[PDB]
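One chain is shown next in structure tokens, namely the form solved without the named molecule.
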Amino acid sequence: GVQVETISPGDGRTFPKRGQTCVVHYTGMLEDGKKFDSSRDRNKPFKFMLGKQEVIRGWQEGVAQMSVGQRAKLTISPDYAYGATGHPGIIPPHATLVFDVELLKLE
């Protein structure tokens, strides 16, 4: 559902726990490499609570496998993203997504 491939290693020790706020920088891309969303383009980190059902499954699960300081490529199956429906106009049906995510800190 999600496959993680490290771009830059983190501390390899400090991983998110359920209920912690994960503070990340990210860029979300369709399979073709085209960016549809980025906290980097906003110049402001994005926060989410691990376990809340706001953020797509694969993005959360991928981040749970990351340590503080790590940057990684999360390849997310539609099953763990927007599924059959997608988000028409932005995310097509059955889309594989790629997120470049850096776990900045936990709060």
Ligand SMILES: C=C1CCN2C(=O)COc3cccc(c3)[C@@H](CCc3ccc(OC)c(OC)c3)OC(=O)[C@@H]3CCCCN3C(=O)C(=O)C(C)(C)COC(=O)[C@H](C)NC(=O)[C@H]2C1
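In this text, residue numbers run from 1 along the sequence as written.
Engineer: Compare the mean C-alpha B-factor of 62-70 with that of 47-55 as given in the PDB entry, and name the stretch with the higher value.
Structural biologist: Per the deposited B-factors, the answer is 47-55.
Engineer: Pick between 95-103 and 7-15: the one whose mean CA B-factor in the entry is higher.
Structural biologist: It is 7-15 that shows the higher mean C-alpha B-factor.
Engineer: Quick check for you: using the entry's CA B-factors within this chain, is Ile76 in the lowest, middle or highest third?
Structural biologist: Within its chain, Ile76 is a lowest-third residue by C-alpha B-factor, going by the deposited values.
Engineer: Which third of the chain holds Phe36 when residues are ordered by C-alpha B factor: lowest, middle or highest?
Structural biologist: Highest third, going by the recorded CA B-factors of the chain.
The protein also exists as the form deposited with the named molecule bound; that form is not presented, and the subsequent description refers to it.
Engineer: Open or blocked: the named molecule, posed as in the deposited bound form, superposed onto this form via site C-alphas, with 3 or more ligand atoms within 2.4 Å of backbone or C-beta counting as blocked?
Structural biologist: The pocket is blocked.
Engineer: Under a 4.5 Å heavy atom criterion, is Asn43 part of the interface with the named molecule in the deposited bound form?
Structural biologist: It does not: once the named molecule is placed as it appears in the deposited bound form, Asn43 has no heavy atom within 4.5 Å of it.
Engineer: Just checking whether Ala81 would be counted as a contact of the named molecule in the deposited bound form - the rule being heavy atoms within 4.5 angstroms.
Structural biologist: Output for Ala81 is yes: heavy atoms within 4.5 Å of the named molecule.
Engineer: If you check in the deposited bound form, is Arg18 within 4.5 Å of the named molecule, heavy atoms only?
Structural biologist: Heavy-atom contact with the named molecule at 4.5 Å: absent for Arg18.
Engineer: So in the deposited bound form, is the named molecule close enough to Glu31 to count as touching (4.5 Å, heavy atoms)?
Structural biologist: No, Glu31 is distant from the partner.
Engineer: Who in 71-102 is close to the named molecule in the deposited bound form, meaning a heavy atom within 4.5 Å?
Structural biologist: Heavy-atom contacts to the named molecule in the deposited bound form: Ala81, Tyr82, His87, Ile90, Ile91, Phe99.
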